[PDB]
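Peer 1: Can you keep this structure in mind? I'll have questions shortly.
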Amino acid sequence: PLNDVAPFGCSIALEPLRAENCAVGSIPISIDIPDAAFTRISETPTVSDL
Amino acid sequence: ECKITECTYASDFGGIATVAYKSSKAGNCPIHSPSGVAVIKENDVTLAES
């Protein structure tokens, strides 16, 4: 079966025929984080001389 | 001595810096930069012992 000859460790099921977890290649992720979660640099402690 | 912490090449007050004060007594102290290169939003700082 293709379930046991597909490379990259793919997985198939009774479904729209997806190919789950085919680990291959890389993904160009780009993310815009919320500005609220940022905290001013001047408030965080300085951890120099470590 | 004066140490820069994080400066942003921008228009808003993105530049921050920490000053290692070495004082003797306690009291108010005006702060100002005679040079026009940088402008300091902070006006008065109270001085503790070092």
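The way I read the labels, and the way they are meant: chains A, B, ... in the order of the structure tokens, residue 1 as the first residue of every chain, and ligand 1 as the first ligand shown, with later ones counted on from there.
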When the cut-off is 8 Å and we count only C-alpha atoms, which residues of chain B are near chain A, given as an MDAnalysis selection string?
Peer 2: chainID B and resid 5:6 16:17
Peer 1: What's the 10 Å shell around residue 23 of chain B, counting only C-alpha atoms, without same-chain residues fewer than 2 positions away, as a ChimeraX atom specification?
Peer 2: /B:20-21,25-27,47-50
Peer 1: So the first atom is atom CA of residue 39 of chain A and the second is atom CA of residue 40 of chain B; what is the distance between them in Å, to one decimal place?
Peer 2: 20.5 Å
Peer 1: Just the strand (DSSP E or B) stuff from chain B, please, per backbone DSSP, written as a PDB file with N, CA, C and O atoms, in the first residue's frame.
Peer 2:
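Output saved as part-v3.pdb:
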ATOM      1  N   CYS B   2      28.149  56.999  31.322  1.00  0.00           N
ATOM      2  CA  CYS B   2      26.899  56.899  30.581  1.00  0.00           C
ATOM      3  C   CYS B   2      26.935  55.682  29.669  1.00  0.00           C
ATOM      4  O   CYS B   2      27.922  55.465  28.959  1.00  0.00           O
ATOM      5  N   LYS B   3      25.861  54.896  29.684  1.00  0.00           N
ATOM      6  CA  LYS B   3      25.754  53.720  28.830  1.00  0.00           C
ATOM      7  C   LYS B   3      24.460  53.774  28.033  1.00  0.00           C
ATOM      8  O   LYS B   3      23.380  53.971  28.601  1.00  0.00           O
ATOM      9  N   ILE B   4      24.572  53.596  26.716  1.00  0.00           N
ATOM     10  CA  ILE B   4      23.381  53.508  25.879  1.00  0.00           C
ATOM     11  C   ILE B   4      22.717  52.159  26.101  1.00  0.00           C
ATOM     12  O   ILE B   4      23.388  51.136  26.290  1.00  0.00           O
ATOM     13  N   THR B   5      21.388  52.148  26.081  1.00  0.00           N
ATOM     14  CA  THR B   5      20.625  50.915  26.243  1.00  0.00           C
ATOM     15  C   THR B   5      19.965  50.475  24.946  1.00  0.00           C
ATOM     16  O   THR B   5      20.159  49.339  24.507  1.00  0.00           O
ATOM     17  N   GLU B   6      19.188  51.349  24.313  1.00  0.00           N
ATOM     18  CA  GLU B   6      18.565  51.027  23.029  1.00  0.00           C
ATOM     19  C   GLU B   6      18.153  52.329  22.367  1.00  0.00           C
ATOM     20  O   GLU B   6      17.299  53.049  22.894  1.00  0.00           O
ATOM     21  N   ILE B  16      16.929  55.223  24.577  1.00  0.00           N
ATOM     22  CA  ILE B  16      17.014  55.102  26.027  1.00  0.00           C
ATOM     23  C   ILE B  16      18.459  54.830  26.413  1.00  0.00           C
ATOM     24  O   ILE B  16      19.245  54.298  25.624  1.00  0.00           O
ATOM     25  N   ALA B  17      18.801  55.191  27.646  1.00  0.00           N
ATOM     26  CA  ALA B  17      20.164  55.024  28.127  1.00  0.00           C
ATOM     27  C   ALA B  17      20.153  55.036  29.645  1.00  0.00           C
ATOM     28  O   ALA B  17      19.308  55.684  30.266  1.00  0.00           O
ATOM     29  N   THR B  18      21.099  54.314  30.238  1.00  0.00           N
ATOM     30  CA  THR B  18      21.250  54.271  31.686  1.00  0.00           C
ATOM     31  C   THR B  18      22.533  54.983  32.092  1.00  0.00           C
ATOM     32  O   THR B  18      23.587  54.785  31.477  1.00  0.00           O
ATOM     33  N   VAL B  19      22.445  55.811  33.130  1.00  0.00           N
ATOM     34  CA  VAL B  19      23.583  56.578  33.629  1.00  0.00           C
ATOM     35  C   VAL B  19      23.970  56.030  34.996  1.00  0.00           C
ATOM     36  O   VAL B  19      23.131  55.949  35.902  1.00  0.00           O
ATOM     37  N   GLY B  27      19.171  64.915  46.117  1.00  0.00           N
ATOM     38  CA  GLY B  27      18.425  66.097  45.729  1.00  0.00           C
ATOM     39  C   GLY B  27      18.087  66.065  44.254  1.00  0.00           C
ATOM     40  O   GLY B  27      18.463  65.147  43.521  1.00  0.00           O
ATOM     41  N   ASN B  28      17.362  67.097  43.829  1.00  0.00           N
ATOM     42  CA  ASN B  28      16.972  67.200  42.430  1.00  0.00           C
ATOM     43  C   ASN B  28      18.173  67.573  41.565  1.00  0.00           C
ATOM     44  O   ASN B  28      19.157  68.149  42.031  1.00  0.00           O
ATOM     45  N   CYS B  29      18.078  67.233  40.286  1.00  0.00           N
ATOM     46  CA  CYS B  29      19.164  67.520  39.358  1.00  0.00           C
ATOM     47  C   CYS B  29      18.625  67.705  37.943  1.00  0.00           C
ATOM     48  O   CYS B  29      18.168  66.735  37.324  1.00  0.00           O
ATOM     49  N   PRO B  30      18.641  68.922  37.400  1.00  0.00           N
ATOM     50  CA  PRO B  30      18.209  69.107  36.011  1.00  0.00           C
ATOM     51  C   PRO B  30      19.145  68.403  35.046  1.00  0.00           C
ATOM     52  O   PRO B  30      20.348  68.287  35.287  1.00  0.00           O
ATOM     53  N   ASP B  44      13.740  66.314  35.082  1.00  0.00           N
ATOM     54  CA  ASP B  44      14.365  66.319  36.398  1.00  0.00           C
ATOM     55  C   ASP B  44      14.528  64.894  36.893  1.00  0.00           C
ATOM     56  O   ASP B  44      13.656  64.047  36.681  1.00  0.00           O
ATOM     57  N   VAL B  45      15.653  64.630  37.552  1.00  0.00           N
ATOM     58  CA  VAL B  45      15.922  63.329  38.153  1.00  0.00           C
ATOM     59  C   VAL B  45      16.473  63.543  39.553  1.00  0.00           C
ATOM     60  O   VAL B  45      17.402  64.334  39.746  1.00  0.00           O
ATOM     61  N   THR B  46      15.901  62.842  40.527  1.00  0.00           N
ATOM     62  CA  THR B  46      16.437  62.856  41.881  1.00  0.00           C
ATOM     63  C   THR B  46      17.607  61.891  41.984  1.00  0.00           C
ATOM     64  O   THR B  46      17.585  60.806  41.401  1.00  0.00           O
ATOM     65  N   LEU B  47      18.630  62.288  42.734  1.00  0.00           N
ATOM     66  CA  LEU B  47      19.869  61.525  42.821  1.00  0.00           C
ATOM     67  C   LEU B  47      19.949  60.791  44.153  1.00  0.00           C
ATOM     68  O   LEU B  47      19.819  61.406  45.216  1.00  0.00           O
TER      69      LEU B  47
END
Peer 1: Considering only C-alpha atoms, return as a ChimeraX atom specification whatever protein or nucleic-acid residues lie within 10 Å of residue 6 of chain A, sequence-local ones (same chain, fewer than 6 positions apart) excluded.
Peer 2: /A:12,19,22
